[PDB]
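Chain letters run A, B, ... following the sequence lines, proteins first and then strands; every chain starts at 1.
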Amino acid sequence: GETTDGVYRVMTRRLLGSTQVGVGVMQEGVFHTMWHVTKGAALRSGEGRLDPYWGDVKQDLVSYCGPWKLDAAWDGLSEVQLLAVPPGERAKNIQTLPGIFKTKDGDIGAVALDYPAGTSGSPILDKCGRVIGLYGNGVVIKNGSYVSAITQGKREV
Amino acid sequence: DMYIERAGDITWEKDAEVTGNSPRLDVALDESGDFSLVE
Ligand SMILES: N#Cc1ccc(C(=O)Nc2ccc3c(c2)CNC3)cc1Cl
């Protein structure tokens with residue numbers, strides 16, 4: 001069905017009514033989302049079917065119809081926009097300066113914005129509108145609030 | 001069965017609502033893709 005570039009809601013009719021389980025990015029005929037949103041399951045876009053192509057539980061990423069296409073990266077200095085798509089609410093850009101997750105394998109940018117878990121998969125953008133990562137995987141801090149990493153996949157060849 | 005619905009274009013919005021802090025955190029990432037605070 002619909003394969004136009006843009007941000008999409010990931011819904012389910014398994015629970016009560018229509019529930020939003022997450023968000024995703026359609027770019028170059030590939031649907032990109034977080035692994036914990038779909039658990040690698042098949043998706044529907046009208047009459048059409050989207051089959052998983054690549055996935056990894058540790059990176060918490062998954063692609064549909066083709067290999068991961070998003071390769072933009074945070075510059076480590078500039079503010080970014082979370083194009084948050086919350087359940088039952090309109091797509092909304094929120095500008096913030098990301099912090100840093102310091103790990104044994106390197107540093108990763110992190111946005112300190114709290115949203116309903118069904119917002120996971122929402123894209124984080126740079127000043128050019130390029131998707132530098134996805135929102136939805138991070139940590140819970142002292143005040144009970146969430147700080148998500150800027151999770152980006154790898155583009156092959 | 002899960003399904004997708006278009007929610008909009010991926011664009012940067014000038015004069016969007018600016019909020020949130022920039023915390024530097026020591027974190028660990030396990031095999032299940034779950035983060036944890038290192039202390
Ligand atoms: N604000 C907020 C907020 C709070 C919690 C979560 C969340 O639970 N994410 C998540 C769930 C399961 C797995 C993973 C991450 C990676 N490994 C499995 C997302 C958000 Cl956006």
Side-chain angles (χ1 to χ4, degrees), chain A residues 2 4-14 21 23-27 31 35-36 38 41-45 50 56-60 79 81 83 85 90-105 110-113 123 125-129 131 137-139 141 147 149, chain B:
Chain A
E2 189 172 31
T4 310
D5 280 10
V7 66
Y8 287 68
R9 300 177 192 273
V10 185
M11 313 287 301
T12 183
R13 269 149 190 156
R14 179 182 59 96
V21 288
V23 173
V25 175
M26 187 74 78
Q27 183 167 130
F31 188 67
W35 193 87
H36 77 268
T38 68
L43 305 174
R44 170 170 51 85
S45 183
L50 301 191
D56 193 291
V57 161
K58 189 169 164 189
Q59 297 183 42
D60 194 33
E79 290 200 340
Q81 272 173 25
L83 168 43
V85 181
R90 197 147 59 238
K92 186 188 41 140
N93 293 68
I94 307 290
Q95 182 160 323
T96 189
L97 182 77
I100 304 287
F101 273 6
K102 307 178 187 178
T103 84
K104 81 191 198 296
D105 301 310
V111 298
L113 291 170
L125 319 175
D126 65 11
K127 323 190 177 165
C128 290
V131 184
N137 194 24
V139 88
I141 59 176
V147 171
Chain B
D1 236 305
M2 281 180 188
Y3 64 93
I4 65 165
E5 283 181 343
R6 206 174 179 265
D9 285 11
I10 290 171
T11 61
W12 172 268
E13 178 195 4
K14 297 181 189 187
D15 305 315
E17 188 222 328
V18 199
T19 198
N21 67 338
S22 326
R24 305 219 187 184
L25 307 180
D26 286 348
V27 304
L29 174 69
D30 68 25
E31 194 163 86
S32 303
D34 297 331
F35 287 103
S36 56
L37 290 180
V38 166
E39 301 234 11

Problem - Most contacts with chain A, counted as non-hydrogen pairs under 4.5 angstrom, among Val18(B), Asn21(B), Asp1(B) - result: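 Result: the option with the highest number of such pairs is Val18(B).
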Exercise for the section: Under 4.5 Å, counting heavy-atom pairs only, tell me which of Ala16(B), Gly8(B), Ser22(B) racks up the most with chain A. Expected result: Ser22(B)
When heavy-atom pairs shorter than 4.5 Å are enumerated against chain B, which of [options] gives the highest number?
{"options": "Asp60(A), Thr12(A), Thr103(A), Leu97(A)", "value": "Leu97(A)"}
{"options": "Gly24(A), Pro98(A), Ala91(A)", "value": "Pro98(A)"}
{"options": "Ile141(A), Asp56(A), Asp126(A)", "value": "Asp126(A)"}
{"options": "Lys127(A), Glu2(A), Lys102(A), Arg44(A)", "value": "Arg44(A)"}

Do [X] and [Y] have side-chain heavy atoms sitting under 4.5 Å apart?
{"X": "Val131(A)", "Y": "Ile10(B)", "answer": "yes"}
{"X": "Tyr3(B)", "Y": "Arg13(A)", "answer": "yes"}
{"X": "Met11(A)", "Y": "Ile4(B)", "answer": "no"}
{"X": "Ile94(A)", "Y": "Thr19(B)", "answer": "yes"}

Interchain contact, [X] with chain B, by part (heavy-atom threshold 4.5 Å):
{"X": "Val10(A)", "answer": "both"}
{"X": "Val7(A)", "answer": "both"}
{"X": "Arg14(A)", "answer": "neither"}
{"X": "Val23(A)", "answer": "neither"}
{"X": "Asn137(A)", "answer": "both"}

Completion exercise
Residues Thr96(A) and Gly20(B): closest non-hydrogen pair is OG1-O, 3.5 Å
Exercise for the section: For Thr38(A) and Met2(B), work out which heavy atoms get closest and say how close. Expected result: CA-SD, 3.8 Å
Problem - Check: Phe101(A) main-chain N/O paired with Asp26(B) side-chain donor or acceptor under 3.5 Å - result: no
Problem - Engaged part of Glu31(B) at the chain A interface, taking heavy atoms whose separation is under 4.5 Å - result: backbone
Exercise for the section: Look at atom CG of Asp30(B) and say whether more than 12 heavy atoms of other residues, nucleotides or ligands are closer to it than 6.0 Å. Expected result: yes
Fill in the blank from the handout: Rounded to the nearest 0.5 Å, the NZ atom of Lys58(A) sits from the CG atom of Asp34(B) at a distance of 11.5 Å
Practice task
Look up atom CD in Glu13(B) and atom CG in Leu125(A), then write down how far apart they are to the nearest 0.5 Å.
Solution key: 11.0 Å
Exercise for the section: List for me each residue that meets side chain to side chain donor-acceptor pair (under 3.5 Å) alongside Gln95(A), sequence neighbours excluded, and say none if there are none. Expected result: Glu79(A), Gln81(A)
Problem - Which residues share a salt bridge (charged side-chain N to carboxylate O under 4.0 Å, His left out) with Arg6(B), sequence neighbours left out - result: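 Listed in chain order: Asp9(B).
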